[PDB]
Amino acid sequence: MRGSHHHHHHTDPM
Amino acid sequence: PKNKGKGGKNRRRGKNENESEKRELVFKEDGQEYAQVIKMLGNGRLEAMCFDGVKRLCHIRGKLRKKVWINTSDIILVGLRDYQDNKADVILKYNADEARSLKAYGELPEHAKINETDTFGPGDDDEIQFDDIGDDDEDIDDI
């Protein structure tokens, strides 16, 4: 969410 | 673990260990009418009343006894003319999941209300195997 590449998407494996 | 599909990039398989699985929903049959259970009796029979407003004791099927699931609040199909009318023997069991299809069963309207749903497929499922991945719980202990 913070610090990666502008704005990531879907970073929660469930 | 979300999105319950089939084809894509999950599970992965291809052994074909003797195919013996496939969905097969059944609808009301000619001569037989659908019904709704209200109360349960001993075991070989159950208390139910047809959506039309007819209370009758539907006896559990023999052959279906191996795969017949009856409930006090579920849809079912019972054959008529076998008990000289009035009574009807459950020919097959209309599951709750199927209930969504019941609109398709041509029995219940779009405003009909279905009871029980369960988190996909039947519930309860006593006894468990493996039970790996955890042991010490981790992350949460008291919640």
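Residues numbered from 1 in each chain as written, not as in the entry; some residues may be left out. Chains lettered and ligands numbered in written order. Heavy atoms only, no water.

- Listed as the method for this PDB entry is solution NMR.

Points about the sheet that holds strand β2 (residues 45-50) of chain B
All names here are of chain B.
Then step 1. What the five strands build is an open sheet, ordered β3-β2-β1-β4-β5; its pairing is antiparallel. On the outer flanks of this sheet lie β3 (54-59) and β5 (89-94), each paired with one strand and no other. On average, each strand axis in the sheet is tilted by 45° relative to the strand beside it, whichever way the strands run.
Then step 2. When strand β1 (residues 32-40) meets β2, the two strands line up antiparallel, connected through four bridges. Along β2, the bridge assignment pairs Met40 with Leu46. (Pairing = 2+ DSSP bridges. Helix = DSSP H or I, 4+ residues; strand = E, 2+ residues; numbered from the N terminus. Axes fitted to C-alpha atoms, helices over the stretch in contact; angles between N-to-C directions.)

Details of the pairing of β2(B)
All names here are of chain B.
Then step 1. Residues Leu46, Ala48 and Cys50 point to one face of β2 and are all buried, whereas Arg45, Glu47 and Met49, pointing to the other face, are not buried.
Then step 2. Counting the residues in the hairpin turn of β1 and β2 gives four residues.
Then step 3. Counting the residues between successive antiparallel strands, the hairpin from β2 to β3 contains three residues, one of them, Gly53, with a positive phi of roughly 105°. (Buried < 20%, exposed > 50% of the residue type's maximum accessible area, 1.4 Å probe, protein only.)

Regarding the UniProt feature "domain: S1-like" in chain B
Then step 1. In the UniProt entry, the feature "domain: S1-like" is given for residues 21-95 of chain B.
Then step 2. Between the C-alpha atoms that bound residues 21-95 of chain B the distance is 18 Å, and the span itself is 0% helix and 43% strand. (UniProt positions renumbered as here; feature names shortened; annotations may be inferred.)

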